Each structure stands twice: as structure tokens, then as C-alpha cells.
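# Fold and geometry: a report
Each chain is listed here by its residues.
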Protein chains: 2
Amino acid sequence: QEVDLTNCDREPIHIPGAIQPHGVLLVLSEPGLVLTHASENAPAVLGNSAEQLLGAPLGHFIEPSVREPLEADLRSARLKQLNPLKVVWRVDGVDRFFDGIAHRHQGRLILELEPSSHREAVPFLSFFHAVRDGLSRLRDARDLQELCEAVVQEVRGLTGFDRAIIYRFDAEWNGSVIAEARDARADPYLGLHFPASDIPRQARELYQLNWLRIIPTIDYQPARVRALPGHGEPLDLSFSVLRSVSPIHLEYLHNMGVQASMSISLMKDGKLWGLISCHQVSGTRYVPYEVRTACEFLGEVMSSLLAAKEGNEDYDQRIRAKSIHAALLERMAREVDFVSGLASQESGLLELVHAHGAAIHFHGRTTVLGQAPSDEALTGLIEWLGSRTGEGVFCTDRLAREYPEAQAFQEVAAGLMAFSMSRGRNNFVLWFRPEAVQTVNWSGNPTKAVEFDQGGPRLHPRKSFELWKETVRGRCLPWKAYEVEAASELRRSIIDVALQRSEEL
Amino acid sequence: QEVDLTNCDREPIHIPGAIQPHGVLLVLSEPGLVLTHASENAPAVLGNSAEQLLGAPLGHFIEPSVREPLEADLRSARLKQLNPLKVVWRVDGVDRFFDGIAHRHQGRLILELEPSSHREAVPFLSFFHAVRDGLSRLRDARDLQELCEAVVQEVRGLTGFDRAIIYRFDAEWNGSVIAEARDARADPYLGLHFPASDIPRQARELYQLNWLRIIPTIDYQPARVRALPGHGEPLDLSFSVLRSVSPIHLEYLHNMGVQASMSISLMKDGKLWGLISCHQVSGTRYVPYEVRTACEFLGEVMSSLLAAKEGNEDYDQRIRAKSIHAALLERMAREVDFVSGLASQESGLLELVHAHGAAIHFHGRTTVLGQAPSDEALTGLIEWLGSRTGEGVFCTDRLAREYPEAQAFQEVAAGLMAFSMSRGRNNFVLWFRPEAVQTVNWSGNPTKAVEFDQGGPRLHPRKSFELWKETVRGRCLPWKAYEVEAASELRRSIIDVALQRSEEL
Ligand SMILES: */C=C/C1=C(C)C(=O)N/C1=C\c1[nH]c(Cc2[nH]c(/C=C3\NC(=O)C(C=C)=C3C)c(C)c2CCC(=O)O)c(CCC(=O)O)c1C
Ligand SMILES: */C=C/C1=C(C)C(=O)N/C1=C\c1[nH]c(Cc2[nH]c(/C=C3\NC(=O)C(C=C)=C3C)c(C)c2CCC(=O)O)c(CCC(=O)O)c1C
């Protein structure tokens, strides 16, 4: 299987067929630039019913002097750079001014107008210091905490959001507010863990594609998108600025007491690393696209810089383990029975991967070594490995997640790292580890992270986001990066001296 | 001792006591205030002569509303996130505006003032957009050829230089132009190679620490950094931006017919990996600090991607290899004599590293697969001890370097990929490659450059930079690092079946 979706992961956030009403979404034909769809809030904002617009060339509605550069651009395929377009819409004799945001996706050409007349507006002065200084600050960050610390201060500053945090995912996609800047109005979340389920899978993948979103108000009545016939196929809105969002997330922000929000994907290695996340606790926030893409730009600068600073590292040990490996290989090098010459090095063996126990099943015939008793349970643990995969270095910090019968044992208070000495898969090498107790602070009860309706099958978000002390058990400490290099390394040398043994008949 | 300094690794280019004069170098006491050094070209740039300037405190000549934030700024511990400084100079009744570039080095505070051109909204918005878009273009580079191409186009875009190239060092600290964007009317340096003696060691070392230098004109007059008595210790000007470059280099640049110069260090692994080099072939090039460090920032991001994008090189042959190797992994199952399992798909085994000969020496008996040396291949097969495998893959394109008897057969094997199968080192796979004649475009006879004055004991650069072919004998076509990879992978996979086979009989 492997994944293994829950109820939340089954929603299609991408094709709601409705948008946020504060500005208009059109799709143009190519090469006609003819309005094929138009969202029904068109009069409200533009001056025309959808009726009037469906099936006209676009140049009909544009003030004749700015017709040329706009067409010339829309037809460019260098588009995402050209944004934001200047659009002037002329009803009767009156001119309205919008920012055009255009993109092509799944064969359509979408254009979204946001009013740039009646504005929030950002004094260029501090727009200038944010992207000019901001860049310099980030680049001068000494460690991972200073980078985070700078990016939330700069973004907040440029946007005047009440709260703006850094949320960092973990290996199961649980969250964690590892940096924060705010105005004493908002309750500090620095520290709180959130469940994986707050940002479900169909979201998280969308967000790896579209690195920026903004909800200026949770209170709107979505605008349906009209078409003219032939195109009742639900239009794909993955890259719409104005796409309407899942209403249980509107309800979630409502249970969180935030009135507008905005976030930005952080990427390390083209998988979602974290989020910059911004809340207005009270009052809508209509942030102009320029200031959006300025903030978006500052996440891309952090993203492109995480690998440097989060490489504050630990390259020692690594040199230590590289030197424990040198000794062990030497022992086996020299006994004619290396299994018995490996476990004769209980220290170097235990200390290669930082384990508190270890085991060697070889031609029979278990020999245990450190502090991990099992024995009558170790037999279950072994043959369990041989069955369906366990090749190469298995590795888990919660052996009840895979082998649910380890909860019965010491648990990952004997945590596993293992592999087979050969491909025939009959001789293994194990590794066990104590428990990491660790009381963890949640935002609300995790186990009631989803509440249900009447009477109804319908999912609502939780109500309390108050702190909630959980003590997590089975999980041990993580198997760090190098610790799993030195397993395959030791695997590769167990194979060499074994190969040289038999070459010696 | 490693390096090994010819005649140029002496001249202390870091204490010339003179500056490129288009700006003013200052040295301020601390706590704040009061100047002890002043470049003599003070009055050209700034009104006042360096004798009115010497001894007085800075804020005396600064417009008053500007004077507190500035001395609050020149104290801050970390001024690198501050540059450029808003310095407003009030000579007579007029204000003149300068970029201030601040830095502390060897207990001394330096302030160099370039002239500033006042930042306006519309042109900044385009500058921001271009750093923002050139940045993603680096991120999205598939391979190193792409990553480089991006860099020089973007740097050029932002700067208006005639040429930007990417200059890569080899093992001897020689050079080669490996990517190039340029206005076409100026001569094309792509492909060229330059002797290790245009950038002597103390210059490479200096650029290892300071990553950006700009010579906006090569014909200029070095304003001397004058001072106050008691403060005559030579001025450590390494982290200066005005620091007058060493004179022989300026002859290098006139003689190269280049009028303005800019360069940026790239780092891979803390060693100096290459540069991004920039040239104005007719005209000057004064590039404001902001635009300047925004290219250095692209230089950081470039270096931080060297290793990833390069591993993705040949991302079509890698597939092939993976596929041929898949093929050999299994034809070594149908036959219990896995050796002939390789020798059947010898058309394979040879295309796996694009070798035209091979040799398998297994249990004392050897078999030969392509054009190979005489059956006294018992040569290299015995020849090795230090390096030699140990394990794993050994690899050359000058076998008659390490193992001189190969001069005999260097027309059927002047290169050699070989590894040893067992820790015993009785078993080897060997791959051969013939001598390839190979022609190497230098930039005018590289045996020169090491040139003297009259000859008086002064140093002088070359004179003709014209395409000087070298013809490199005794070598084979270089081994692609994905070929060594394929050979490494193959070796470990032969070991797994040499184990599995013996173990199970
Ligand atoms: C059954 C599913 C859901 C439950 C239960 C729930 O509580 N939310 C569910 C679905 C859901 N969430 C989102 C989008 C989303 N979620 C978050 C979560 C957080 N915001 C924060 O500030 C913090 C902690 C500091 C967390 C953990 C965010 C940021 C987002 C992005 C939207 C935004 O920034 O406003 C979706 C997708 C909505 C969409 O249309 O894209 C869904 C279905
Ligand atoms: C006797 C020593 C020298 C000889 C001979 C010579 O030719 N130069 C010598 C000394 C020297 N050079 C530099 C600075 C420098 N040199 C280069 C070389 C190149 N620029 C190019 O475009 C290419 C190829 C196309 C080459 C090979 C560079 C790039 C630099 C860096 C400065 C810059 O780019 O403008 C120094 C140090 C000068 C200083 O004062 O900082 C010295 C001592």
C-alpha cells in the first residue's frame, strides 16, 4: 500500500469552480483572446454581466491605447515573469485599473483582475528596505534560528500582519511553530505542535506546485465561474490567485480566531520543507501582488539558503564513526570466524550507530550483545524481518508503527536498525536503542483534531487550540544521517571479508 | 609543501596604500568619529582636501538630520547587513549623496564612499524583478551546463558588461572558459584555457575570502590613502572595494584589450572552484554596490548548487548505464560461471564505460574481451601496491605516467579503469582506452607569461592572447565521472554474486 489516505485527503481543493469575489477571473481563448469563461461577480467589479462578456474578443473592453502592450504580453509565453500586467477596463467612458495576473495551465489561459485603484498600498520606502535590506539580513544569518528570526520580522514589517511564523514539518508531516513575530494582541504560538491533519495531503501537494496563497477575508460569498457552452468541464484552479478555498479551512481559521491569512511554501530539495504563515487576528488584509511576490521572493531566498545554515551539522561524529568502522573491519579482518570477532567488539559495534543493544543471527543461531533482551520475542522479531522486504538498512524510530508487537516489548526503547548480511536473507545484523520520553506541547488535543456534525457525517475543525501536554512513548531518538551510512558501510565490509574468507577455501 | 610559487606569489596586493580613485576611502577612530586616514582624491569626489579632513570627526561634514542614524549605524557590530550606508555630504551649502560601504578589518574601521544615484520606484521594481527571476532560473537548472548558462546571462542582464563568463579551475589551478554570454561584436572566449599564472596564489587566497572585486577602469590614477602620524602602519586593504589592484594586472587587461573588469569567486568545498568573470571591451563600467552584491549573491547560490547540478550531468547516459548494468546484473544469474556471464554481453561490459578493450582475471586465469595489450597483460595486473586499488576503482587517462612500461602499448591502452574484486586482491576487472591525439586551445603560448622586465628584476605579462593549440599526447579520452560510478556500482554487484555463488556451494 504505502499511502494510505484518511478522510481529509479525499477533497478536490483545486476545482471548486468558484473564486474569492474581490476580483474577477476570466479565461481567454488563444489566439482570439476571447472571453470563454467569466466569474459571475463581473458587474460588481468590472461593470458588465457575464452574459455581456461571454464570447467577445478581449480588446473590446480595454482602453484603446493600452490594448497593444497587453495583447503583446498575453501572447508571450514568458508570462510569469511579465506579471503583474497593467490592465485598464473601460465601461462606457469610465476607466477602471486592475493588476492583471496571467498564467497558463492544463491548456487554458487564465487572467485574474485585482482592483489596484482603491488600494491598501505600500509606501515604496519600506517595500525597498524589505527586499533590499531583507536580502542582506538573510544572507548574514549565522545559524538556522537567525534566518527564521529575520524572515518573520521582515515579512511582518513589510506586510503589517499581526502574526507571522515559521512552521516546520517533520517526517510524518506534523507541524511546529519554530519562529514567530507578532504584536502582543495575538496569542503566541511559538512552540506549539500541530497535527499532520491541519494541512492534508491534497493541499501539501498543491502547495509544492503553487508556492503562495492569500485569503484576505474568511467571509465571502464565492463567485461561480460562468462559461459559454462546450466548457462545463470544471476549470482547474491550482495556480489561481483568487481560487476559492476549502470551507472547512475557513472554519478552521474561524476556530483559530484569525480573520485573514497568507502563506508561502519553503522548499528544501524540491519537497515541502515548511511554511511562512501570516495571520491578521482582526480585520481583512488585501495585500497587493507586488508585495505578495516580494514576500514570496524572501521565502525562495531562505529556501535557497537552508542547506547552508541547517548544515550547522555534526560532521563529527561521522569522523568518529568512520574511525570505529576502521577498527571493527580490522577485528573481523583477522579472526577466521568474523561473526564471533564482531560481537567480541561489543563497544565498537554498539558505538558505531549509537545503539544500546545489538544482535547477530548467523547460520542458525542468534547471539545477542548489548542491552536489548527480547529472546523469546527476538525470534518473532527476526523471522518478521526476512518476510516481505528488509533490504538494505531498515530503520525506524517507532517499531510499533511497522511491527505493532514491539509495543509489547521494551518498544523502540529498543529501536531498530538492521540489514541482511547477504541477499539470501538468512543472516542479519540488528541494533536497538532506549526510549526518548519527551513531553510534547500540542495546539489543542490531537486525538480530537477532527469533530463531527449532528447526526451528520460532516467534518468540522477542532474548537480548542489551547496548549495540550502529551508524553509520547515508543519513539526513540532519530537515526541521524551518517548513522545510516555506517550501517551500509559495515554491510559492505562484512561482505568483503566474508568473500575473502571463502576465497581462502 | 604543495604549492610552489613561481615569481608572483610574493607582491603584497593587499597593502598598496592607494585606491581606485572614483570614490573616497576613509578610516575612522572608534568609539565613532574622527578620521585618521583619507585618500588624497578626497576633494575631487567630495569637496574638501585630505588635510581639512584629517583629524576632524565624521559628523562634522555630514548633513545634521543624517548624523545620528549614521553613527548609530557605524557602531553596530554587524555592518555587513547594513551596507550600503545613506551618507549625505554637505560641502559648502550643497548636499552630495553617497553609498557608504563599511567594514572592520584588523581593529580598524574603514568607510569607503562611492557616489550614489538615488533609488526610484519604477527602476527598482525592475531590478527586484530581475533578481527574483534570475534566482528561480538558477534553482531550475537541470545540469551544470544549464546552471552556468543561466549565471552568465543573468549577471550580464543585471550589469551591462560586454562579456560575462564562467572560469573553471583544474587541478593545477589552470583555467578554462566553460560558459559565456556576451554582446556578439566582441571576441568569443568560450573554449579557451589560461595558464595558472594570471591569478597567483596570494590572489587566489585573497579571493577565497573576499568574493567580489570590480575594476571600473584600467587606465586610472591611484589616490594614496594618506593619514595622521602615529597611524602609519600599512593599511590592510583586503576587504576594500576601492583597494587599488596590483599594477601588473592592469597591463594584463590593457594588453587583453579589456577596459573594465568584474569578477566573483565561486566556492565548492571551501576551495576556490572558479570565478564569474566580466569584461568591458570598449567603455568603462561603474556598477552600483547594490547591483554588485546582488550578483555576488547569485554567486553564492551558484556555488551552493555546484555539486547537485553537476551530479545531474549526462542525465541521458546515466539511464543507459543503469540499463546496461541492470542487463549485466542478470546475465550473471543465468550462468553459474558469472565471469562468462559478463563476457557474453561484452558488447555491454564495453559500452558500460565506453572502453574498447577489457580483461577479466579470475582464479588465476584471464579472458580478454576487446582490443587489449599482449598476453603479457600480466604487466599492470601485477603492477600495483600503494595506489593501486586498495579498493575501489582506480582510473587514469595517462597510464604511462604511473606505470611507465605502458609506453609500449599506449596505442591500445593509455588509460585504465580497473578494480579488484576481493580483499585478497587476486581478482581484477580491467577496462582499456586507446591514445587519443587531442588538441587543447590555449590563449597564446602558455610557456610564456612567466616573463621578466628589461630583463630587470620586475615582472611583466604576455602580449598575444591568440588561440595557441597544444597537442596533448599519451592520453586517452577523459573518463566521465558517471563512468567511474558505473564501474563502482558494477564492482559491488559482482561481489554480491561472487559471494552468493561460493557461499552456496
Ligand atoms: C479534515 C481536514 C482538516 C482539518 C481537520 C483541519 O483542521 N484543516 C483541514 C483541512 C485543510 N487545511 C488546509 C490548508 C492549510 N492548513 C494550514 C494549517 C496551519 N495554519 C497555521 O498557521 C498553522 C500553525 C501555526 C497550521 C498547522 C495552513 C497554513 C493552510 C494553508 C492555507 C492558509 O495559509 O490560509 C486545506 C487547503 C485549503 C486550500 O483551499 O488550499 C484543507 C482542505
Ligand atoms: C606575475 C604575475 C602575473 C601575471 C604573469 C599575469 O598575467 N597576472 C599576474 C598577477 C595578478 N593577476 C591578478 C588578478 C586577476 N587575474 C585574472 C586573470 C584572468 N581574468 C580573465 O578574464 C581571464 C580569462 C579569460 C583570466 C585568466 C583575474 C580574473 C584576476 C582577478 C581580478 C579581476 O577579475 O579583475 C592579481 C591580483 C590583483 C589585485 O590587486 O587584486 C595579480 C597579483
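Residues numbered from 1 in each chain as written, not as in the entry; some residues may be left out. Chains lettered and ligands numbered in written order. Heavy atoms only, no water.

Per the PDB entry, the recorded name for chain A is Photoreceptor-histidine kinase BphP, and the organism is Stigmatella aurantiaca DW4/3-1. For the record of chain A, the UniProt heading Catalytic activity (unreviewed entry) holds the text "ATP + protein L-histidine = ADP + protein N-phospho-L-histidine." Under Sequence similarities (unreviewed entry), UniProt gives the following word-for-word description of chain A: "In the N-terminal section; belongs to the phytochrome family." (UniProt positions renumbered as here; feature names shortened; annotations may be inferred.)

### Description of the pattern of salt bridges
The final tally for this structure, using the stated rule, is 58 salt bridges over all chains. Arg462(A) is paired through a salt bridge with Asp198(A); the nearest N and O atoms lie 2.8 Å apart. Taken together, the residues span a long stretch of sequence, with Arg462(A) in the loop between β21 (459-461) and β22 (467-471) and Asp198(A) in the loop between β9 (193-194) and α6 (201-209) at a distance of 264 residues. Residues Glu485(B) and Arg318(B) are paired through a salt bridge, measuring 2.5 Å at the closest nitrogen-oxygen approach. Remark: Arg318(B) occurs in helix α10 (residues 317-334) and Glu485(B) occurs in helix α15 (residues 481-503); sequence separation between them is 167 residues. Judged by its relative accessible area of 46%, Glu485(B) falls in the partly exposed class. Three or more residues joined by partner-sharing salt bridges are found here, namely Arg132(A), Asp133(A), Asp99(B), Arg119(B) and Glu290(B). (Salt bridge = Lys/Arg side-chain N within 4 Å of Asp/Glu carboxyl O. Helix = DSSP H or I, 4+ residues; strand = E, 2+ residues; numbered from the N terminus. Buried < 20%, exposed > 50% of the residue type's maximum accessible area, 1.4 Å probe, protein only.)

### Here we look at the domain arrangement of chain A
Residues and elements named next belong to chain A. Each assigned domain of chain A is listed here: domain 1 (1-11 + 125-220 + 247-314 + 436-474), domain 2 (12-124 + 221-246) and domain 3 (315-435 + 475-505). Of note, the centres of domain 1 and domain 2, computed from C-alpha atoms alone, are 29 Å apart. Carbon and sulfur atoms supply 60% of the area buried between domain 1 and domain 2, which totals about 2,400 Å² over both sides. By the criterion of area lost to domain 2, the three top residues of domain 1 are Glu11, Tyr220 and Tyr289, representing 31% of everything that side buries. Counting across the domain 1 and domain 2 interface gives 2 salt bridges. Here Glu114 and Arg292 are joined by a salt bridge, their closest N and O atoms 2.6 Å apart. Summed over the shared surface of domain 1 and domain 2, the result is 17 residue pairs in polar contact. Among the secondary structure elements, those contributing two or more residues to the side of domain 1 that touches domain 2 are α4 (124-140), α6, β10 (213-215), α7 (247-255) and α8 (289-309). Residue composition of the side of domain 1 that touches domain 2, grouped by class: 17 nonpolar, 4 polar and 5 charged. (Domains from an automatic or database assignment. Buried area = accessible area lost by both parts, 1.4 Å probe. Polar contact = N/O pair within 3.5 Å; in protein donor to acceptor, adjacent residues only side chain to side chain. Nonpolar A, V, L, I, M, F, W, Y, C, P; charged D, E, K, R; others polar.)

### Overview of the site of ligand 2
Residue and element names in this part refer to chain B. Surrounding ligand 2, one finds 27 residues, the nearest of these being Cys8, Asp198, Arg243, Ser246 and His279. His279 places a polar side-chain atom, nitrogen or oxygen, 2.7 Å from an oxygen atom of ligand 2. Taking 910 Å² as the accessible area of ligand 2 by itself, protein coverage stands at 98%. Mapped onto the shell around ligand 2, the elements with two or more residues apiece are α6 (201-209), β10 (212-215), α7 (247-255), β12 (260-268) and β13 (271-280). In the shell around ligand 2, the residues fall into 16 nonpolar, 7 polar and 4 charged. For the shell around ligand 2, the domains that each give at least three residues are domain 1 (1-11 + 126-217 + 247-314 + 437-474) and domain 2 (12-125 + 218-246). (Near = heavy atom within 4 Å. Areas by Shrake-Rupley, 256 points an atom, 1.4 Å probe, with all protein chains shown as cover.)

### Quick look at α7(B)
Residue and element names in this part refer to chain B. For α7, the full list of buried residues reads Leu250, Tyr252 and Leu253. Projected onto a plane normal to the axis of α7, the buried residues spread over an arc of 150° and lie on a single side. Those residues of α7 that are exposed and angled more than 90 degrees off the buried face are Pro247 and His254. In this structure, the buried residues of α7 make contact with β9 (193-194), β10 and β12. (Arc of directions from axis to C-beta. Contact = heavy atoms within 4.5 Å.)

### Description of the site of ligand 1
Residues and elements named next belong to chain A. Near ligand 1 there are 30 residues, and of these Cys8, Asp198, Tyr207, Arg243 and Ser261 occur at the shortest range. Between ligand 1 and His279 there is a distance of 2.9 Å, counted from an oxygen atom to a side-chain nitrogen or oxygen. Put simply, the parts of the chain that give the shell around ligand 1 at least two residues each are β7 (163-168), α6, α7, β12 (260-268), β13 (271-280) and β21. Its residues assigned to classes, the shell around ligand 1 shows 19 nonpolar, 8 polar and 3 charged. Each of domain 1 (1-11 + 125-220 + 247-314 + 436-474) and domain 2 (12-124 + 221-246) accounts for three or more of the residues forming the shell around ligand 1.

### Notes on the packing of aromatic side chains
All names here are of chain A. Within the structure shown, the criterion is met by 27 aromatic pairs over all chains. Note on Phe124 and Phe127: the rings are 6.5 Å apart at their centroids and 25° apart in plane angle, and the pair reads as stacked. In this pair, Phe124 and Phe127 are both assigned in helix α4, 3 residues apart and thus about one turn of the helix distant. Note on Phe124: relative accessible area 22%, which makes it partly exposed. Measuring from ring centre to ring centre gives 5.3 Å for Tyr252 and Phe465, while their planes differ by 85°; the resulting arrangement is edge-to-face. Residue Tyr252 is located in helix α7, and its partner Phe465 is located in the loop between β21 and β22; the two are separated by 213 residues in the primary sequence. (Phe/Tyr/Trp six-rings, centres within 6.5 Å; stacked < 30°, edge-to-face > 60°.)

### Quick notes on the packing of α8(A) against helix α4 (residues 121-139) of chain B
Interaxial distance between α8(A) and α4(B) falls to 11 Å at its minimum, and their mutual angle equals 40°. Relative to α4(B), the element α8(A) is oriented oblique. Of the two elements, α8(A) crosses α4(B), and the hand of that crossing is left-handed. The residues of α4(B) that touch α8(A), namely those facing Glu290(A), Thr293(A), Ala294(A), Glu296(A), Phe297(A), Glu300(A), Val301(A), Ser303(A) and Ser304(A), are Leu125(B), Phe128(B), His129(B), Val131(B), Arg132(B), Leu135(B), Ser136(B) and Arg139(B). When grouped by side-chain class, the residues that make up the contact of α8(A) with α4(B) number 7 nonpolar, 5 polar and 5 charged. (Axes fitted to C-alpha atoms, helices over the stretch in contact; angles between N-to-C directions. Parallel < 35°, antiparallel > 145°, perpendicular 65-115°, else oblique. Left-handed = near helix turned anticlockwise from the far one by under 90°.)

### So, the interface of chain B and chain A
Much of the literature gives interface size as the accessible area that the parts lose upon coming together. Taken residue by residue, the interface counts 42 residues in chain B and 41 residues in chain A. Approximately 3,600 Å² of surface area, both sides summed, lies buried where chain B meets chain A, with 55% of it carried by carbon and sulfur atoms. On the chain B side of the interface with chain A, the three residues burying the most area are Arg132(B), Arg139(B) and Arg423(B), jointly 20% of the side's total. Linking chain B with chain A are 9 salt bridges. Along the contact surface separating chain B from chain A lie 16 residue pairs in polar contact. Secondary-structure elements contributing two or more residues to the side of chain B that touches chain A are α4, α8 (289-303) and α15 of chain B. Residue composition of the side of chain B that touches chain A, grouped by class: 13 nonpolar, 13 polar and 16 charged.

### A closer look at the side chain of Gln208(B)
All names here are of chain B. Within the secondary structure, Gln208 sits in helix α6. Among the polar contacts listed, one links the side chain of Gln208 to the backbone oxygen of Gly270, at a separation of 3.5 Å. Each residue touching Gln208, except ones within four places of it in the same chain, is listed here: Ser265, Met267, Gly270, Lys271 and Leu272.

### Thoughts on the sheet that holds strand β17 (residues 417-420) of chain A
Residues and elements named next belong to chain A. Across the sheet, 3 strands lie side by side as β16-β17-β18; this open sheet has antiparallel pairing. Bordering the open sheet on either side are β16 (394-395) and β18 (428-429), each of which pairs with just one other strand. With 2 bridges joining them, β16 and β17 adopt antiparallel strand pairing. By the bridge assignment for β17, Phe394 is matched with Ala418. Where helix α14 (residues 481-503) meets the sheet, its contacts fall on β16, β17 and β18, and the angle it forms with β17 comes to roughly 25°. (Pairing = 2+ DSSP bridges.)

### Some words on the sheet that holds strand β4 (residues 85-91) of chain B
Taking strand neighbours across the sheet as the criterion, the 7 strands line up as β1-β11-β3-β2-β6-β5-β4 (chain B) in an open arrangement whose pairing is antiparallel. The open sheet is flanked by β1 (18-19) and β4 of chain B, the only strands paired with a single partner.

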